[PDB]
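A single chain, nothing else alongside it, follows as structure tokens in the form deposited in one PDB entry.
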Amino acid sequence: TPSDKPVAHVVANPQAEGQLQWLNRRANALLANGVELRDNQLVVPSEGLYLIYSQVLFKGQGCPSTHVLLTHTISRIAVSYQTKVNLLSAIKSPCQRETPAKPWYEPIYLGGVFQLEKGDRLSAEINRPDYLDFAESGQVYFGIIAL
């Protein structure tokens, strides 16, 4: 007998270079028990505690003239307050100095447990999609699990 818990695990679209496009229609991605993917956002079908999680992976070749700040932010748009409240975020600086040019890899991971309401819209956003790495699958993903 299947579980009735709302869950989702969506993944970056690897041919959408220069963007972060979440897919549920791809090998090993899923929407279940009422969770929708609408306008690049996950939509919560019932109230409760959810674990939210996400990973993005950034990659560059050597360090450029201008200072690089990589961010990843998960936000919540409630029906009763329809503007992005940040739930989780992290900043990373992959580069100490300008390359005086080996690859660097900087992942950012965000997870937490939050109360959510029906109709909640969750977004998972980066500032620099030009540094995303879509080399193989499994690197960039976003999901929720009702507790």
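One rule holds for the numbers: they count along the sequence shown, beginning at 1. What we label the rigid core is the largest C-alpha set whose atoms superpose within 1.5 Å from one form to the other.
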Other entries lacking residue 110, at least a third: no
At least a third of other PDB entries omit residue 119: no
Residues of the deposited sequence left unbuilt between residue 101 and residue 100: 4 to 9
Stretch with the higher entry mean CA B-factor, where the candidates are 89 to 97 and 27 to 35: 89 to 97
Segment of higher mean CA temperature factor, 38 to 46 or 62 to 70: 62 to 70
Selection by C-alpha B-factor (highest) of 15, 123, 127, 139: 15
CA B-factor ranking of residue 146, expressed as a third of its chain: middle
Residue 135, C-alpha B-factor rank within chain (lowest, middle or highest third): highest
Third of chain Cα B-factors occupied by residue 109: lowest
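One more form of this protein, deposited in another entry, exists but is not displayed; see below.
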Core-aligned CA displacement of residue 70 at least 2 Å between this form and the one not shown: no
Is_shifted residue 25 between this form and the one not shown (CA, 2 Å cut-off, rigid core): yes
Cα displacement of residue 16 between this form and the one not shown reaching 2 Å, rigid core superposed: no
Cα distance between residue 51 and residue 135, which in the other entry differs by 3 Å or more from this form, closer or farther: closer
Note on residue 23-residue 136 C-alpha separation in the other entry, which departs from the shown form by 3 angstroms or more: closer
